[PDB]
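Below is one structure, written out as structure tokens; the observations come after it.
Protein chains in written order, with the working numbering: chain A, 1 to 161; chain B, 1 to 161.
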């Protein structure tokens, strides 16, 4: 499932089984974290996972001409808390064939709740799988009921033709 | 707002400024209603609406070979105190590049509530605009609670290349 804009640019992408082995790799990388709700690890040493993510995005996208991935990878933990609609300050791109996305990979899918809600004038989207969504859109991290929730977030800039 | 599946077949279309040219004509068509919850008017001597719908679909849908429009219109009004449920539609096309859709054009929008909400194991979409979705999906009409919600339904059948 992928979502496009009226201009033609891709805005949202929903993954099902694309991130399988890198899930275990990210789990192993995140094993070295001590009591952090949101911890950012700059990743330029073991760039193998970054190369795999770049190749996956190159093969499973449309008309992609270049891909740029930020080195740092952030990890977030969630407990039965509230959270709210963390809007983005209307990041407006400059060109017309370029877009910066946030990619979220689920390390421990919550049993109940923990769905990334996305707000758009034409309609809302609620999902529980790995996501790649535009920084322009406004997202909410809905509260969980049972179980924990761990996510890995990356910033990726792509260009189209 | 384009939506595509893993095969590349378009599934959901969200028109914002597309049908706000014939909406008055649909309103005049709806006027001939006599206390029917869901009236399936066989409309034949109004083919101008069909022609404009076909033109819009041909122009704003990508990679189109033929659009087969059906010659009936179903007006459904949803009472504030009337509730609904799932639909659980089981239907699979027998060919590759072909899909039957359901075009919902809003004639009387509600003040709040009662959006059309669509199910999928990788995301749910809630919307209150002009929607066009395939018959392979289970959908729900949410409980309206303010005002009235009267919609017009066509039956689409599109074959691509």
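By construction, the Cβ of each residue, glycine as well, lies at the ideal position given by its N, Cα and C atoms.
| said: Taking 8 angstroms as the cut-off, is the beta-carbon of residue 108 (chain B) closer than that to any non-hydrogen atom of the ligand MG? | reply: Although the ligand MG was asked about, the structure shown includes no ligands whatsoever.
| Terminal residues of the continuous alpha helix (DSSP H) containing residue 21 (chain A)? | Per DSSP, residue 21 (chain A) belongs to the alpha helix (DSSP H) from 21-30.
| Going straight from the alpha carbon of residue 152 (chain A) to that of residue 67 (chain A), what length do you get? | C-alpha separation (whole angstroms): 19 angstroms.
| field | Residue of A:16, A:105, A:61, A:92 minimising C-alpha distance to residue 154 (chain A) | value | That would be A:105, whose Cα lies nearest to the Cα of residue 154 (chain A).
| query | Identify the residues that DSSP records as bridge partners of residue 158 (chain B): which are they? | reply | Looking at the DSSP assignment, residue 158 (chain B) forms a beta bridge with B:67, B:99.
| field | Between the CA atoms of residue 124 (chain A) and residue 125 (chain B) - distance to the nearest angstrom | value | Each residue's Cα considered, the two are about 6 angstroms apart.
| said: Considering only DSSP beta bridges, list what residue 153 (chain A) is partnered with. | reply: Beta-bridge pairing links residue 153 (chain A) to A:74, A:104.
| Whose Cβ in chain B lies nearer than 7 angstroms to the Cβ of residue 122 (chain A)? | Residues of chain B passing the Cβ test: 1, 14, 16, 127, 129.
| query | For the beta strand (DSSP E) that residue 124 (chain A) lies in, which residues bound it at each end? | reply | First-last of the beta strand (DSSP E) with residue 124 (chain A): 124-127.
| field | As assigned by DSSP and simplified to three states, the class of residue 47 (chain B) | value | Reduced to three states, the DSSP call for residue 47 (chain B) is helix.
| field | Boundaries (first-last residue) of the beta strand (DSSP E) holding residue 146 (chain B) | value | For residue 146 (chain B), the enclosing beta strand (DSSP E) has its first and last residue at 144-146.
| residue 133 (chain A) and residue 12 (chain A) look like a contact to me (Cβ under 8 angstroms); what is the Cβ gap, rounded to whole Å? | Going by Cβ atoms, the distance from residue 133 (chain A) to residue 12 (chain A) rounds to 5 angstroms, so yes, they are a contact pair.
| task | Report all residues from its chain with a CB closer than 7 angstroms to the CB of residue 54 (chain B); omit the five preceding and five following residues, and keep chain order. | result | The residues are 67, 69.
| By Cβ distance, which residues of its chain are closer than 7 angstroms to residue 138 (chain A), with the 5 residues on each side in sequence left out? | Excluding sequence neighbours, residue 138 (chain A) sits near 85, 87, 88, 119.
| With burial defined as no fewer than 16 other Cβ atoms inside 10 Å of the residue's Cβ, what is the status of residue 10 (chain B): buried or exposed? | It is buried - the Cβ of residue 10 (chain B) has at least 16 other Cβ atoms within 10 Å.
| message | To the nearest angstrom, how far is the alpha carbon of residue 30 (chain B) from that of residue 24 (chain B)? | response | Taking the straight line joining both Cα atoms gives about 10 angstroms.
| query | What number of angstroms, rounded off, separates the C-alpha of residue 28 (chain B) from the C-alpha of residue 107 (chain B)? | reply | Roughly 10 angstroms separates the two Cα atoms.
| field | Closest Cα partner of residue 159 (chain B) within the set B:135, B:96, B:110, B:114 | value | Per the Cα distances, B:96.
| query | Does DSSP classify residue 119 (chain B) as helix, strand or coil? | reply | DSSP, read as helix, strand or coil, puts residue 119 (chain B) in coil.
| message | For a quick check, are the C-beta atoms of residue 79 (chain A) and residue 144 (chain A) less than 9 angstroms apart? | response | Residue 144 (chain A) is positioned such that its CB atom lies closer than 9 angstroms to that of residue 79 (chain A).
| What distance in whole Å lies between the Cβ atoms of residue 112 (chain A) and residue 146 (chain A), which are believed to be in contact at a cut-off of 8 angstroms? | Contact check for residue 146 (chain A) and residue 112 (chain A): beta-carbon distance about 5 angstroms, within the 8 angstroms limit, so the pair qualifies.
| Counting contacts by CB-CB distance shorter than 9 angstroms, is residue 20 (chain B) in contact with chain A? | Taking 9 angstroms as the CB threshold, residue 20 (chain B) stays off the interface with chain A.
| field | residue 176 (chain A) to residue 127 (chain B) span [Cα, whole Å] | value | Chain A is shown from 1 up to 161; residue 176 (chain A) falls before or after that span and cannot be answered.
| Under a Cβ-count criterion, where at least 16 other Cβ atoms within 10 Å of its own Cβ denotes burial, should residue 71 (chain B) be classed as buried or exposed? | Counting of Cβ neighbours within 10 angstroms places residue 71 (chain B) among the exposed residues, the total staying below 16.
| If you run the structure through DSSP and keep just helix, strand and coil, what is residue 137 (chain A)? | It is coil, neither helix nor strand.
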